[PDB]
>>> print(open('target06.csv').read())   # CSV, C-alpha atoms and all ligand atoms
chain,number,residue,atom,x,y,z
V,1,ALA,CA,-29.1,10.0,2.1
V,2,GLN,CA,-27.5,11.2,-1.3
V,3,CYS,CA,-28.0,15.0,-0.6
V,4,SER,CA,-27.1,14.8,3.1
V,5,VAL,CA,-24.1,13.9,5.3
V,6,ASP,CA,-23.5,13.3,9.1
V,7,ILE,CA,-20.5,15.0,10.7
V,8,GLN,CA,-19.3,14.4,14.3
V,9,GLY,CA,-16.9,16.7,16.1
V,10,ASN,CA,-15.4,15.2,19.3
V,11,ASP,CA,-13.4,16.1,22.4
V,12,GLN,CA,-10.0,15.6,20.7
V,13,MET,CA,-10.7,18.6,18.5
V,14,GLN,CA,-11.3,16.5,15.3
V,15,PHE,CA,-14.1,16.2,12.6
V,16,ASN,CA,-14.8,12.6,11.3
V,17,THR,CA,-14.2,13.6,7.6
V,18,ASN,CA,-12.2,16.2,5.8
V,19,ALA,CA,-13.9,16.0,2.4
V,20,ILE,CA,-17.5,16.2,1.1
V,21,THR,CA,-18.7,16.3,-2.5
V,22,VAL,CA,-22.1,17.6,-3.3
V,23,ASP,CA,-23.8,16.0,-6.3
V,24,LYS,CA,-24.9,18.5,-9.0
V,25,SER,CA,-28.4,17.0,-9.2
V,26,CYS,CA,-29.2,18.0,-5.7
V,27,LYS,CA,-31.5,21.0,-5.3
V,28,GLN,CA,-30.7,21.3,-1.6
V,29,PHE,CA,-28.0,19.6,0.6
V,30,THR,CA,-28.2,18.9,4.4
V,31,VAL,CA,-25.5,18.6,7.0
V,32,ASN,CA,-26.3,17.0,10.4
V,33,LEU,CA,-23.8,17.7,13.2
V,34,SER,CA,-23.6,15.9,16.6
V,35,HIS,CA,-20.9,16.2,19.3
V,36,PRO,CA,-19.8,12.9,20.8
V,37,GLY,CA,-17.9,13.3,24.1
V,38,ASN,CA,-18.4,14.8,27.6
V,39,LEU,CA,-17.0,18.4,27.4
V,40,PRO,CA,-19.2,21.6,27.7
V,41,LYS,CA,-19.7,24.1,24.9
V,42,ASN,CA,-17.6,26.9,26.4
V,43,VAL,CA,-14.4,24.8,26.4
V,44,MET,CA,-15.0,22.5,23.3
V,45,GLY,CA,-17.7,24.1,21.2
V,46,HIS,CA,-18.2,23.0,17.5
V,47,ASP,CA,-20.1,24.3,14.6
V,48,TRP,CA,-20.0,23.5,10.8
V,49,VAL,CA,-19.6,26.7,8.8
V,50,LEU,CA,-19.2,27.0,4.9
V,51,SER,CA,-17.4,29.6,2.7
V,52,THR,CA,-15.1,29.6,-0.4
V,53,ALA,CA,-11.5,28.8,0.4
V,54,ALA,CA,-10.3,32.5,-0.1
V,55,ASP,CA,-12.7,33.8,2.5
V,56,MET,CA,-12.2,31.2,5.2
V,57,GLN,CA,-9.6,33.2,6.9
V,58,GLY,CA,-11.7,36.4,7.1
V,59,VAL,CA,-14.7,34.4,8.5
V,60,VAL,CA,-12.6,32.6,11.2
V,61,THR,CA,-11.0,36.0,12.1
V,62,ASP,CA,-14.3,38.0,12.2
V,63,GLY,CA,-15.9,35.1,13.9
V,64,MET,CA,-13.4,34.9,16.7
V,65,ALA,CA,-13.9,38.7,17.3
V,66,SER,CA,-17.7,38.3,17.9
V,67,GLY,CA,-17.6,36.0,21.0
V,68,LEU,CA,-19.2,32.9,22.4
V,69,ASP,CA,-22.6,34.7,22.5
V,70,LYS,CA,-22.6,35.0,18.7
V,71,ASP,CA,-21.5,31.4,18.4
V,72,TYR,CA,-18.2,32.8,17.2
V,73,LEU,CA,-19.6,34.2,14.0
V,74,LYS,CA,-19.9,37.6,12.6
V,75,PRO,CA,-23.7,38.5,12.3
V,76,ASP,CA,-25.0,38.6,8.8
V,77,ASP,CA,-21.5,37.9,7.3
V,78,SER,CA,-22.2,37.6,3.6
V,79,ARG,CA,-19.2,35.4,3.0
V,80,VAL,CA,-20.8,32.5,4.9
V,81,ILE,CA,-22.8,30.4,2.4
V,82,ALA,CA,-24.2,28.2,5.3
V,83,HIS,CA,-23.7,27.4,9.0
V,84,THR,CA,-25.0,25.6,12.1
V,85,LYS,CA,-25.1,26.8,15.7
V,86,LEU,CA,-22.2,26.2,18.1
V,87,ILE,CA,-23.0,22.9,20.1
V,88,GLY,CA,-21.6,21.2,23.2
V,89,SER,CA,-21.4,17.6,24.1
V,90,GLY,CA,-24.5,15.6,23.6
V,91,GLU,CA,-26.1,18.2,21.4
V,92,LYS,CA,-26.9,18.0,17.7
V,93,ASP,CA,-27.9,20.6,14.9
V,94,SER,CA,-28.8,20.4,11.2
V,95,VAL,CA,-28.6,22.9,8.2
V,96,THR,CA,-30.0,22.7,4.7
V,97,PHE,CA,-28.9,25.0,1.9
V,98,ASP,CA,-29.6,25.7,-1.7
V,99,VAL,CA,-27.2,24.0,-4.1
V,100,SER,CA,-27.5,26.9,-6.6
V,101,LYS,CA,-25.4,29.0,-4.3
V,102,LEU,CA,-22.4,26.9,-5.3
V,103,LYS,CA,-20.8,26.8,-8.7
V,104,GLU,CA,-18.7,24.1,-10.2
V,105,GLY,CA,-15.0,25.1,-10.4
V,106,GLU,CA,-14.8,27.1,-7.2
V,107,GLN,CA,-13.1,25.6,-4.0
V,108,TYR,CA,-15.1,25.6,-0.8
V,109,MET,CA,-14.0,24.8,2.8
V,110,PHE,CA,-16.0,23.7,5.8
V,111,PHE,CA,-14.6,24.5,9.3
V,112,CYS,CA,-15.3,25.2,13.0
V,113,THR,CA,-15.0,28.9,14.3
V,114,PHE,CA,-14.3,28.2,18.0
V,115,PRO,CA,-10.8,29.7,18.7
V,116,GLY,CA,-8.0,27.5,17.4
V,117,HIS,CA,-10.3,24.6,16.4
V,118,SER,CA,-9.9,25.4,12.6
V,119,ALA,CA,-6.3,24.1,12.7
V,120,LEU,CA,-7.5,20.5,12.7
V,121,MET,CA,-11.3,21.0,12.1
V,122,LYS,CA,-11.4,22.1,8.5
V,123,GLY,CA,-12.1,20.2,5.1
V,124,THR,CA,-13.1,20.7,1.5
V,125,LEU,CA,-16.4,20.7,-0.2
V,126,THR,CA,-16.9,20.5,-4.0
V,127,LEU,CA,-19.8,20.5,-6.5
V,128,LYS,CA,-19.5,17.5,-8.8
Q,1,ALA,CA,19.4,31.2,30.9
Q,2,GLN,CA,21.3,30.1,34.2
Q,3,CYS,CA,19.2,27.1,35.4
Q,4,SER,CA,15.9,28.7,34.3
Q,5,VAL,CA,13.9,29.4,31.2
Q,6,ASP,CA,11.2,31.9,30.2
Q,7,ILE,CA,8.5,30.5,27.9
Q,8,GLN,CA,5.3,31.8,26.2
Q,9,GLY,CA,2.0,30.2,25.0
Q,10,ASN,CA,0.2,32.4,22.5
Q,11,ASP,CA,-3.3,32.6,21.0
Q,12,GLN,CA,-2.5,30.2,18.2
Q,13,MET,CA,-1.9,27.2,20.6
Q,14,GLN,CA,1.9,27.5,20.2
Q,15,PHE,CA,4.7,27.5,22.8
Q,16,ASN,CA,7.7,29.5,21.8
Q,17,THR,CA,10.3,26.8,22.6
Q,18,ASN,CA,10.2,23.1,21.9
Q,19,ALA,CA,13.2,21.5,23.5
Q,20,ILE,CA,14.5,22.3,27.0
Q,21,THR,CA,18.0,21.2,28.3
Q,22,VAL,CA,18.7,20.9,32.1
Q,23,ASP,CA,22.4,20.9,33.0
Q,24,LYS,CA,23.5,18.4,35.7
Q,25,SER,CA,25.2,21.2,37.8
Q,26,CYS,CA,21.8,22.8,38.6
Q,27,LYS,CA,20.3,21.7,41.9
Q,28,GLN,CA,16.9,23.2,41.0
Q,29,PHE,CA,15.5,24.5,37.7
Q,30,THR,CA,12.8,27.2,37.1
Q,31,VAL,CA,10.3,27.6,34.2
Q,32,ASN,CA,8.5,31.0,33.8
Q,33,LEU,CA,5.4,30.9,31.6
Q,34,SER,CA,3.5,33.9,30.2
Q,35,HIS,CA,0.5,34.0,27.8
Q,36,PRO,CA,0.5,37.0,25.4
Q,37,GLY,CA,-2.6,37.7,23.3
Q,38,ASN,CA,-6.3,38.4,24.4
Q,39,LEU,CA,-8.2,35.1,24.8
Q,40,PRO,CA,-9.5,34.0,28.2
Q,41,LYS,CA,-8.7,30.8,30.1
Q,42,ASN,CA,-11.8,28.8,29.2
Q,43,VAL,CA,-11.2,29.3,25.4
Q,44,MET,CA,-7.3,29.3,25.3
Q,45,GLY,CA,-5.8,28.2,28.7
Q,46,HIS,CA,-2.2,27.0,29.0
Q,47,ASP,CA,0.1,25.3,31.5
Q,48,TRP,CA,3.5,23.6,31.4
Q,49,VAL,CA,3.4,20.1,32.8
Q,50,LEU,CA,6.3,17.6,32.9
Q,51,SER,CA,6.3,13.7,33.1
Q,52,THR,CA,8.4,10.9,31.5
Q,53,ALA,CA,7.5,10.5,27.8
Q,54,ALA,CA,5.8,7.2,29.0
Q,55,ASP,CA,3.3,8.9,31.4
Q,56,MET,CA,2.2,11.8,29.1
Q,57,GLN,CA,-0.9,10.1,27.7
Q,58,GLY,CA,-2.1,8.8,31.1
Q,59,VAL,CA,-1.6,12.3,32.5
Q,60,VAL,CA,-3.2,13.9,29.4
Q,61,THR,CA,-6.3,11.6,29.6
Q,62,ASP,CA,-6.9,12.0,33.4
Q,63,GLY,CA,-6.5,15.7,33.3
Q,64,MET,CA,-9.2,16.1,30.6
Q,65,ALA,CA,-11.5,14.2,32.9
Q,66,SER,CA,-10.7,16.5,35.9
Q,67,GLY,CA,-12.5,19.7,34.6
Q,68,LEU,CA,-11.7,23.3,34.2
Q,69,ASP,CA,-12.2,23.8,37.9
Q,70,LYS,CA,-9.3,21.4,38.6
Q,71,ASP,CA,-7.2,23.2,35.9
Q,72,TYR,CA,-7.4,20.1,33.8
Q,73,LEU,CA,-5.0,18.1,36.0
Q,74,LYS,CA,-5.8,15.2,38.3
Q,75,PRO,CA,-5.1,16.3,41.9
Q,76,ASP,CA,-1.9,14.7,43.3
Q,77,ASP,CA,-1.1,12.9,40.0
Q,78,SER,CA,2.1,11.0,40.9
Q,79,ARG,CA,3.3,11.1,37.4
Q,80,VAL,CA,3.6,14.8,37.1
Q,81,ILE,CA,7.1,15.7,38.2
Q,82,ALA,CA,6.3,19.5,38.2
Q,83,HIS,CA,3.6,21.9,36.8
Q,84,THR,CA,2.2,25.4,36.7
Q,85,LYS,CA,-1.5,26.5,37.0
Q,86,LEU,CA,-3.7,27.1,33.9
Q,87,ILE,CA,-3.4,30.7,32.8
Q,88,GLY,CA,-5.3,32.8,30.3
Q,89,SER,CA,-4.0,35.9,28.4
Q,90,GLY,CA,-2.4,38.6,30.5
Q,91,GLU,CA,-1.6,36.1,33.3
Q,92,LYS,CA,1.7,34.5,34.4
Q,93,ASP,CA,3.1,31.6,36.6
Q,94,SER,CA,6.4,29.9,37.4
Q,95,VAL,CA,7.7,26.7,38.9
Q,96,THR,CA,11.0,25.5,40.5
Q,97,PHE,CA,11.6,21.7,40.9
Q,98,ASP,CA,14.6,19.7,42.1
Q,99,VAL,CA,16.9,18.3,39.5
Q,100,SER,CA,17.3,15.0,41.6
Q,101,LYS,CA,13.8,13.9,40.5
Q,102,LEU,CA,15.2,13.5,36.9
Q,103,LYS,CA,17.5,10.6,36.0
Q,104,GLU,CA,20.1,10.1,33.2
Q,105,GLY,CA,18.8,7.9,30.3
Q,106,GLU,CA,15.1,8.7,30.6
Q,107,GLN,CA,13.2,10.8,28.0
Q,108,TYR,CA,10.8,13.5,29.5
Q,109,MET,CA,8.0,15.6,27.8
Q,110,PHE,CA,6.5,18.9,28.6
Q,111,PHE,CA,2.9,19.7,27.4
Q,112,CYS,CA,-0.2,21.8,28.0
Q,113,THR,CA,-3.2,19.6,29.5
Q,114,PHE,CA,-6.0,21.9,28.2
Q,115,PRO,CA,-8.3,19.6,26.0
Q,116,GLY,CA,-7.2,19.4,22.4
Q,117,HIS,CA,-4.0,21.6,23.0
Q,118,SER,CA,-1.4,18.8,23.9
Q,119,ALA,CA,-1.2,17.7,20.3
Q,120,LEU,CA,0.2,21.0,19.2
Q,121,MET,CA,1.7,22.2,22.5
Q,122,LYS,CA,4.5,19.8,23.5
Q,123,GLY,CA,8.3,19.4,23.4
Q,124,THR,CA,11.3,17.5,24.9
Q,125,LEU,CA,13.2,18.0,28.2
Q,126,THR,CA,16.7,16.4,28.5
Q,127,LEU,CA,19.2,16.3,31.4
Q,128,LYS,CA,22.8,16.8,30.1
V,201,CU,CU,-15.0,23.3,17.5
V,202,CU,CU,-3.1,25.4,26.2
>>> encode(input="target06.csv", output="structure tokens")
Amino acid sequence: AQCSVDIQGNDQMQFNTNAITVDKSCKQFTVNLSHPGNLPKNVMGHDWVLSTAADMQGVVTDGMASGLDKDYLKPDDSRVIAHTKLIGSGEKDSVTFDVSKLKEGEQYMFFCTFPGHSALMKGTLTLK
Amino acid sequence: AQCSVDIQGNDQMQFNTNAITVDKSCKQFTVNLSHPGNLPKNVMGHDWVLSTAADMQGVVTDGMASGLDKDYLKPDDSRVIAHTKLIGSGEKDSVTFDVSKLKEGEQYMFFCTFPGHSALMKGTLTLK
């Protein structure tokens, strides 16, 4: 626990939280994602992606343009600090990243890149 | 216009009108739906479905459970007064229903039954 969190994205297009603070003593931080529900990945896919607030739009945009095969993310997009894979119902994925990639005083947002899902599936992350 | 309306569902999960009025003189009424943009049916499908405000949730829940192959609508759902098929970008569909299936003093709702979309895509229909 402490440097980790569990996120669930369901069939009603929602995440279970919209805010995450990362404790400044963490060297690394883990996100674990599971998709409750019965719908397939091609109709209700979810991933947890991270970037600063000012680049979220660019990532969602470039992400949509790359297709379901690239899990709706642009390959080697250097605005994406961290990201999971796109997962369907009953699947799960985890990502660990380096906390020194964040700095205190900058605003970060987590979100899903499936088309349209970022309207309700988005939230803040902050280094405290 | 005269006893019919032309409506659009776009790539942002938005319909372009959110209240429809049906005048009592009309024996029938027609709705013509188009979907501008470029996303396919499985990622951004849309339909126009009508029920009383009371049956919307029962219809939205059963439709999600019917699958993309059943155009996310329960077959022969007795609560649906009228509907179109589920279209992707570039496509189009229309429907004409009898105005005698509506009654004065009841509240009706139109919505898209694609999973996750009916929260953003809905509006009122009133018989005046
Ligand atoms: Cu999603
Ligand atoms: Cu829709």
>>> residues_around(input="target06.csv", residues="stretch 90-106 of chain V", least_positions_apart="4", cutoff="12 Å", atoms="all atoms listed in the file", output="mmCIF file with C-alpha atoms, in the coordinates of the input")
data_model
loop_
_atom_site.group_PDB
_atom_site.id
_atom_site.type_symbol
_atom_site.label_atom_id
_atom_site.label_comp_id
_atom_site.auth_asym_id
_atom_site.auth_seq_id
_atom_site.Cartn_x
_atom_site.Cartn_y
_atom_site.Cartn_z
ATOM 1 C CA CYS V 3 -28.000 15.000 -0.600
ATOM 2 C CA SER V 4 -27.100 14.800 3.100
ATOM 3 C CA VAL V 5 -24.100 13.900 5.300
ATOM 4 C CA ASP V 6 -23.500 13.300 9.100
ATOM 5 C CA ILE V 7 -20.500 15.000 10.700
ATOM 6 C CA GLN V 8 -19.300 14.400 14.300
ATOM 7 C CA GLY V 9 -16.900 16.700 16.100
ATOM 8 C CA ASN V 10 -15.400 15.200 19.300
ATOM 9 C CA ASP V 11 -13.400 16.100 22.400
ATOM 10 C CA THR V 21 -18.700 16.300 -2.500
ATOM 11 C CA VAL V 22 -22.100 17.600 -3.300
ATOM 12 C CA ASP V 23 -23.800 16.000 -6.300
ATOM 13 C CA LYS V 24 -24.900 18.500 -9.000
ATOM 14 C CA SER V 25 -28.400 17.000 -9.200
ATOM 15 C CA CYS V 26 -29.200 18.000 -5.700
ATOM 16 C CA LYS V 27 -31.500 21.000 -5.300
ATOM 17 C CA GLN V 28 -30.700 21.300 -1.600
ATOM 18 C CA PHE V 29 -28.000 19.600 0.600
ATOM 19 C CA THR V 30 -28.200 18.900 4.400
ATOM 20 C CA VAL V 31 -25.500 18.600 7.000
ATOM 21 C CA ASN V 32 -26.300 17.000 10.400
ATOM 22 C CA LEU V 33 -23.800 17.700 13.200
ATOM 23 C CA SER V 34 -23.600 15.900 16.600
ATOM 24 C CA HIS V 35 -20.900 16.200 19.300
ATOM 25 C CA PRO V 36 -19.800 12.900 20.800
ATOM 26 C CA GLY V 37 -17.900 13.300 24.100
ATOM 27 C CA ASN V 38 -18.400 14.800 27.600
ATOM 28 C CA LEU V 39 -17.000 18.400 27.400
ATOM 29 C CA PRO V 40 -19.200 21.600 27.700
ATOM 30 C CA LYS V 41 -19.700 24.100 24.900
ATOM 31 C CA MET V 44 -15.000 22.500 23.300
ATOM 32 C CA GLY V 45 -17.700 24.100 21.200
ATOM 33 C CA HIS V 46 -18.200 23.000 17.500
ATOM 34 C CA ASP V 47 -20.100 24.300 14.600
ATOM 35 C CA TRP V 48 -20.000 23.500 10.800
ATOM 36 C CA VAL V 49 -19.600 26.700 8.800
ATOM 37 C CA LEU V 50 -19.200 27.000 4.900
ATOM 38 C CA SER V 51 -17.400 29.600 2.700
ATOM 39 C CA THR V 52 -15.100 29.600 -0.400
ATOM 40 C CA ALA V 53 -11.500 28.800 0.400
ATOM 41 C CA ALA V 54 -10.300 32.500 -0.100
ATOM 42 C CA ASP V 55 -12.700 33.800 2.500
ATOM 43 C CA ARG V 79 -19.200 35.400 3.000
ATOM 44 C CA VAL V 80 -20.800 32.500 4.900
ATOM 45 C CA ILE V 81 -22.800 30.400 2.400
ATOM 46 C CA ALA V 82 -24.200 28.200 5.300
ATOM 47 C CA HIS V 83 -23.700 27.400 9.000
ATOM 48 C CA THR V 84 -25.000 25.600 12.100
ATOM 49 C CA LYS V 85 -25.100 26.800 15.700
ATOM 50 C CA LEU V 86 -22.200 26.200 18.100
ATOM 51 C CA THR V 124 -13.100 20.700 1.500
ATOM 52 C CA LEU V 125 -16.400 20.700 -0.200
ATOM 53 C CA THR V 126 -16.900 20.500 -4.000
ATOM 54 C CA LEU V 127 -19.800 20.500 -6.500
ATOM 55 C CA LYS V 128 -19.500 17.500 -8.800
#
>>> calpha_fit_and_write(input="target06.csv", fixed="chain V", moving="chain Q", output="CSV table (one decimal) with C-alpha atoms, in the coordinates of the input")
chain,number,residue,atom,x,y,z
Q,1,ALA,CA,-26.0,9.5,1.8
Q,2,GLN,CA,-28.8,10.9,-0.7
Q,3,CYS,CA,-28.0,14.7,-0.8
Q,4,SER,CA,-27.2,14.8,3.0
Q,5,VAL,CA,-24.4,13.9,5.3
Q,6,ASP,CA,-24.1,13.1,9.0
Q,7,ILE,CA,-20.9,14.4,10.7
Q,8,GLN,CA,-19.4,14.3,14.2
Q,9,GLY,CA,-17.0,16.6,16.2
Q,10,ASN,CA,-15.5,14.8,19.2
Q,11,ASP,CA,-13.5,15.8,22.3
Q,12,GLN,CA,-10.2,15.7,20.6
Q,13,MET,CA,-11.0,18.6,18.2
Q,14,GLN,CA,-11.6,16.2,15.3
Q,15,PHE,CA,-14.4,16.0,12.7
Q,16,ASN,CA,-15.0,12.5,11.4
Q,17,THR,CA,-15.0,13.4,7.7
Q,18,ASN,CA,-12.7,15.7,5.8
Q,19,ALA,CA,-14.0,15.9,2.3
Q,20,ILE,CA,-17.6,16.4,1.3
Q,21,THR,CA,-19.0,15.9,-2.3
Q,22,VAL,CA,-22.2,17.6,-3.5
Q,23,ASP,CA,-23.8,16.1,-6.6
Q,24,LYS,CA,-25.2,18.5,-9.2
Q,25,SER,CA,-28.6,16.7,-9.3
Q,26,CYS,CA,-29.4,17.8,-5.6
Q,27,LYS,CA,-31.4,21.0,-5.4
Q,28,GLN,CA,-30.7,21.3,-1.6
Q,29,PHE,CA,-28.1,19.6,0.6
Q,30,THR,CA,-28.3,18.8,4.4
Q,31,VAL,CA,-25.4,18.5,7.0
Q,32,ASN,CA,-26.3,16.9,10.4
Q,33,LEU,CA,-23.7,17.5,13.1
Q,34,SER,CA,-23.5,15.8,16.5
Q,35,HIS,CA,-20.8,16.2,19.3
Q,36,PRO,CA,-20.1,12.9,21.2
Q,37,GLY,CA,-18.0,13.1,24.3
Q,38,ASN,CA,-18.5,15.1,27.7
Q,39,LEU,CA,-17.0,18.6,27.3
Q,40,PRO,CA,-19.2,21.7,27.4
Q,41,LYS,CA,-19.5,24.4,24.8
Q,42,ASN,CA,-17.2,27.0,26.3
Q,43,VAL,CA,-14.3,24.5,26.5
Q,44,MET,CA,-15.0,22.3,23.3
Q,45,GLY,CA,-17.7,24.0,21.1
Q,46,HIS,CA,-18.1,23.0,17.4
Q,47,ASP,CA,-20.0,24.2,14.3
Q,48,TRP,CA,-19.8,23.5,10.6
Q,49,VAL,CA,-19.4,26.7,8.6
Q,50,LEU,CA,-19.0,26.9,4.8
Q,51,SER,CA,-17.3,29.7,2.6
Q,52,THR,CA,-15.1,29.7,-0.6
Q,53,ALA,CA,-11.5,28.7,0.3
Q,54,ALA,CA,-10.7,32.5,-0.2
Q,55,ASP,CA,-13.1,33.8,2.5
Q,56,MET,CA,-12.2,31.2,5.3
Q,57,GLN,CA,-9.6,33.4,7.0
Q,58,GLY,CA,-11.7,36.6,6.9
Q,59,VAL,CA,-14.6,34.6,8.3
Q,60,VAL,CA,-12.3,32.8,10.9
Q,61,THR,CA,-10.8,36.2,12.1
Q,62,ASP,CA,-14.2,38.1,12.4
Q,63,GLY,CA,-15.9,35.2,14.2
Q,64,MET,CA,-13.2,35.1,16.9
Q,65,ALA,CA,-13.8,38.7,17.5
Q,66,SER,CA,-17.6,38.2,17.8
Q,67,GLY,CA,-17.6,36.3,21.2
Q,68,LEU,CA,-19.1,33.2,22.6
Q,69,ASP,CA,-22.4,34.9,22.9
Q,70,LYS,CA,-22.5,35.4,19.1
Q,71,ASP,CA,-21.4,31.7,18.7
Q,72,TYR,CA,-18.1,32.9,17.3
Q,73,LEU,CA,-19.6,34.1,14.0
Q,74,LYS,CA,-20.1,37.6,12.8
Q,75,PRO,CA,-23.9,38.3,12.5
Q,76,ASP,CA,-25.0,38.3,8.8
Q,77,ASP,CA,-21.5,37.6,7.5
Q,78,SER,CA,-22.0,37.6,3.7
Q,79,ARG,CA,-19.3,35.2,3.1
Q,80,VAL,CA,-20.8,32.3,5.0
Q,81,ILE,CA,-22.8,30.4,2.5
Q,82,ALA,CA,-24.4,28.2,5.3
Q,83,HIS,CA,-23.8,27.3,9.0
Q,84,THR,CA,-25.0,25.5,12.1
Q,85,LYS,CA,-25.0,26.9,15.7
Q,86,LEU,CA,-22.1,26.1,18.2
Q,87,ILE,CA,-22.9,23.0,20.1
Q,88,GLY,CA,-21.3,21.3,23.1
Q,89,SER,CA,-21.3,17.5,24.0
Q,90,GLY,CA,-24.7,15.8,23.9
Q,91,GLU,CA,-26.1,18.5,21.6
Q,92,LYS,CA,-27.0,18.4,17.9
Q,93,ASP,CA,-27.9,20.7,14.9
Q,94,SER,CA,-28.5,20.5,11.1
Q,95,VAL,CA,-28.6,22.8,8.1
Q,96,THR,CA,-30.1,22.6,4.5
Q,97,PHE,CA,-28.8,25.1,1.9
Q,98,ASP,CA,-29.6,25.5,-1.8
Q,99,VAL,CA,-27.1,24.0,-4.2
Q,100,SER,CA,-27.5,27.1,-6.6
Q,101,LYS,CA,-25.4,29.2,-4.3
Q,102,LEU,CA,-22.3,26.9,-5.3
Q,103,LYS,CA,-20.7,27.3,-8.7
Q,104,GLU,CA,-18.6,24.9,-10.8
Q,105,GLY,CA,-14.8,25.7,-10.7
Q,106,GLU,CA,-14.7,27.2,-7.2
Q,107,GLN,CA,-13.0,25.5,-4.2
Q,108,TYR,CA,-15.0,25.7,-0.9
Q,109,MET,CA,-14.0,24.9,2.8
Q,110,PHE,CA,-15.9,23.8,5.8
Q,111,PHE,CA,-14.5,24.6,9.3
Q,112,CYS,CA,-15.3,25.1,13.0
Q,113,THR,CA,-15.0,28.9,14.1
Q,114,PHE,CA,-14.4,28.2,17.8
Q,115,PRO,CA,-11.0,29.9,18.6
Q,116,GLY,CA,-8.0,27.7,18.0
Q,117,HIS,CA,-10.1,24.8,16.5
Q,118,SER,CA,-10.1,25.8,12.7
Q,119,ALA,CA,-6.6,24.7,12.3
Q,120,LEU,CA,-7.4,21.1,13.1
Q,121,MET,CA,-11.1,21.1,12.2
Q,122,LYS,CA,-11.4,21.8,8.5
Q,123,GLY,CA,-11.9,20.0,5.1
Q,124,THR,CA,-13.0,20.4,1.4
Q,125,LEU,CA,-16.4,20.7,-0.2
Q,126,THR,CA,-16.7,20.0,-4.0
Q,127,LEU,CA,-19.6,20.2,-6.4
Q,128,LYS,CA,-19.5,17.3,-8.9
>>> atom_distance(input="target06.csv", atom1="atom CA of residue V:111", atom2="atom CA of residue Q:115")
18.5 Å
>>> atom_distance(input="target06.csv", atom1="atom CA of residue Q:56", atom2="atom CA of residue Q:87")
20.1 Å
>>> interface_residues(input="target06.csv", of="chain Q", to="chain V", cutoff="7 Å", atoms="only C-alpha atoms", output="JSON, numbers by chain")
{"Q": [12, 13, 42, 43, 115, 116]}
>>> closest_residue(input="target06.csv", among="V:88, V:1, V:113, V:107", to="residue V:74", atoms="all atoms listed in the file")
V:113
>>> atom_distance(input="target06.csv", atom1="atom CA of residue Q:57", atom2="atom CA of residue V:89")
22.1 Å
>>> residues_near_point(input="target06.csv", point="(-14.1, 17.7, 3.4)", cutoff="10 Å", atoms="only C-alpha atoms", output="tab-separated table (two decimals) with C-alpha atoms, in the coordinates of the input")
chain	number	residue	atom	x	y	z
V	15	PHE	CA	-14.10	16.20	12.60
V	16	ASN	CA	-14.80	12.60	11.30
V	17	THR	CA	-14.20	13.60	7.60
V	18	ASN	CA	-12.20	16.20	5.80
V	19	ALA	CA	-13.90	16.00	2.40
V	20	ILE	CA	-17.50	16.20	1.10
V	21	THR	CA	-18.70	16.30	-2.50
V	108	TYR	CA	-15.10	25.60	-0.80
V	109	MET	CA	-14.00	24.80	2.80
V	110	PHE	CA	-16.00	23.70	5.80
V	111	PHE	CA	-14.60	24.50	9.30
V	121	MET	CA	-11.30	21.00	12.10
V	122	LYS	CA	-11.40	22.10	8.50
V	123	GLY	CA	-12.10	20.20	5.10
V	124	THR	CA	-13.10	20.70	1.50
V	125	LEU	CA	-16.40	20.70	-0.20
V	126	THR	CA	-16.90	20.50	-4.00
>>> decode(input="target06.csv", residues="stretch 82-89 of chain V", atoms="N, CA, C and O atoms", output="mmCIF file, in the first residue's frame")
data_model
loop_
_atom_site.group_PDB
_atom_site.id
_atom_site.type_symbol
_atom_site.label_atom_id
_atom_site.label_comp_id
_atom_site.auth_asym_id
_atom_site.auth_seq_id
_atom_site.Cartn_x
_atom_site.Cartn_y
_atom_site.Cartn_z
ATOM 1 N N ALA V 82 3.442 7.964 -17.951
ATOM 2 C CA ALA V 82 3.230 6.536 -17.675
ATOM 3 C C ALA V 82 1.906 6.065 -18.237
ATOM 4 O O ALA V 82 1.053 6.943 -18.426
ATOM 5 N N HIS V 83 1.693 4.764 -18.534
ATOM 6 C CA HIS V 83 0.437 4.274 -19.087
ATOM 7 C C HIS V 83 0.264 2.758 -18.999
ATOM 8 O O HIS V 83 1.268 2.050 -19.131
ATOM 9 N N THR V 84 -0.943 2.206 -18.875
ATOM 10 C CA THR V 84 -1.136 0.775 -18.936
ATOM 11 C C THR V 84 -1.471 0.375 -20.378
ATOM 12 O O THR V 84 -1.220 1.133 -21.326
ATOM 13 N N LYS V 85 -2.028 -0.813 -20.591
ATOM 14 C CA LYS V 85 -2.499 -1.279 -21.879
ATOM 15 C C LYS V 85 -3.990 -0.973 -21.817
ATOM 16 O O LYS V 85 -4.537 -0.643 -20.762
ATOM 17 N N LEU V 86 -4.681 -1.148 -22.934
ATOM 18 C CA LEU V 86 -6.127 -0.990 -22.995
ATOM 19 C C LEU V 86 -6.746 -2.318 -22.551
ATOM 20 O O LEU V 86 -6.328 -3.317 -23.136
ATOM 21 N N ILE V 87 -7.680 -2.460 -21.604
ATOM 22 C CA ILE V 87 -8.160 -3.764 -21.159
ATOM 23 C C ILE V 87 -9.663 -3.887 -21.221
ATOM 24 O O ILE V 87 -10.402 -2.936 -21.012
ATOM 25 N N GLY V 88 -10.155 -5.087 -21.474
ATOM 26 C CA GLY V 88 -11.575 -5.339 -21.605
ATOM 27 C C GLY V 88 -12.148 -5.766 -20.290
ATOM 28 O O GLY V 88 -11.495 -5.571 -19.270
ATOM 29 N N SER V 89 -13.342 -6.335 -20.246
ATOM 30 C CA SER V 89 -13.927 -6.757 -18.992
ATOM 31 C C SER V 89 -13.280 -8.060 -18.581
ATOM 32 O O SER V 89 -12.921 -8.906 -19.408
#
